Amino acid sequence: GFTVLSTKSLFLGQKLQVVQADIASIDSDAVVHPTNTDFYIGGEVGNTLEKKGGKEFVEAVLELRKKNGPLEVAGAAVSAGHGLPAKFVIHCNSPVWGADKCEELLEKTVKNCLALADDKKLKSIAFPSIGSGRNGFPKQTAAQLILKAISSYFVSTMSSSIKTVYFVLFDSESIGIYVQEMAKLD
């Protein structure tokens with residue numbers, strides 16, 4: 001279980017929800033794991049997924065790394081959510097804040113995540129604040145771009161199966177940022 005703190009229903013019926021929790025605990029169909037080109041597992045999100053999902057989660061990431069090869073910037077790739085509430089883990093390689101097209105690329109990252117979720121006909125996806133870990137995006141900037149990407153994705157993709165997008169954030173500040181940004185959508 002968890003408590004949705006805020007819901008924004010988009011006009012095309014997707015539920016965006018902010019949840020303050022450990023994202024690894026969220027039984028979303030997919031959870032997004034912001035990683036790097038080499039599918040490094042660490043940082044807030046990777047640590048928590050690893051903590052939750054343990055060896056089977058890591059084995060699945062390593063396999064995915066081996067199969068996928070290096071994840072391009074803004075690239076996403078999925079692994080099974082072994083050891084985790086989430087059915088799949090969508091690993092993404094966010095750009096670094098300051099990269100020439102960091103903003104566009106962060107959007108692309110998000111869209112790639114959504115696309116991979118839709119490719120597996122998933123109904124729900126949980127995002128942490130992609131890019132605002134070591135990748136250095138201000139949380140608000142990240143939030144605004146992510147939400148922008150989400151909005152764009154759903155108005156561009158009529159066959160999308162994703163009904164719920166979670167923003168799962170551990171800290172109050174992030175929560176506040178996301179509920180502010182998410183409210184600016186329709």
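Read-outs: derived from the displayed coordinates by stated rules, not from any lab. Note that each Cβ is placed from the backbone with ideal geometry, even for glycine, and that neighbours are counted across all protein chains shown.
What the table below lists for this structure:
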| item | result |
| --- | --- |
| Candidate set from the range 16-45 (those that are of a type outside the set (A, V, I, L, M, F, W, C), in contact with a helix residue (DSSP H, G or I) (Cβ under 9 Å, 6 or more places away or on another chain) and assigned to a helix (DSSP H, G or I)); member that is nearest to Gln144 (Cα to Cα) | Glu44 |
| Residues of the range 14-49 satisfying the condition of being of a type in the set (D, E, K, R) and in contact (Cβ under 8 Å) with a residue 40 or more places away in the chain | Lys15, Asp22, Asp27, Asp29, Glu44 |
| Qualifying residues in the range 50-81 (those that are part of a helix (DSSP H, G or I) and in contact with a strand residue (DSSP E or B) (Cβ under 6 Å, 6 or more places away or on another chain)) - the one surrounded by the most Cβ atoms within 10 Å (Cβ to Cβ) | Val61 |
| Hits in the range 126-146 - residues which are part of a helix (DSSP H, G or I) and either in contact with a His (Cβ under 9 Å, 6 or more places away or on another chain) or surrounded by fewer than 24 Cβ atoms within 10 Å (Cβ to Cβ) (or both) | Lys139, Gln140, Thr141, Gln144, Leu145 |
| Considering residues of the range 82-125 that are under 14 Å from the mean Cα position of the chain (by Cα) and assigned to a loop (DSSP other than H, G, I, E, B) only, the residue surrounded by the fewest Cβ atoms within 10 Å (Cβ to Cβ) | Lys123 |
| From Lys123, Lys139, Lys101, residue being free of Cβ contacts under 8 Å to residues at least 40 places away in the same chain and under 23 Å from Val4 (Cα atoms) | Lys139 |
| Matching option when the condition is surrounded by 20 or more Cβ atoms within 10 Å (Cβ to Cβ), more than 22 Å from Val89 (Cβ to Cβ) and not small (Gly, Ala, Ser), among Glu181, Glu173 | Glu181 |
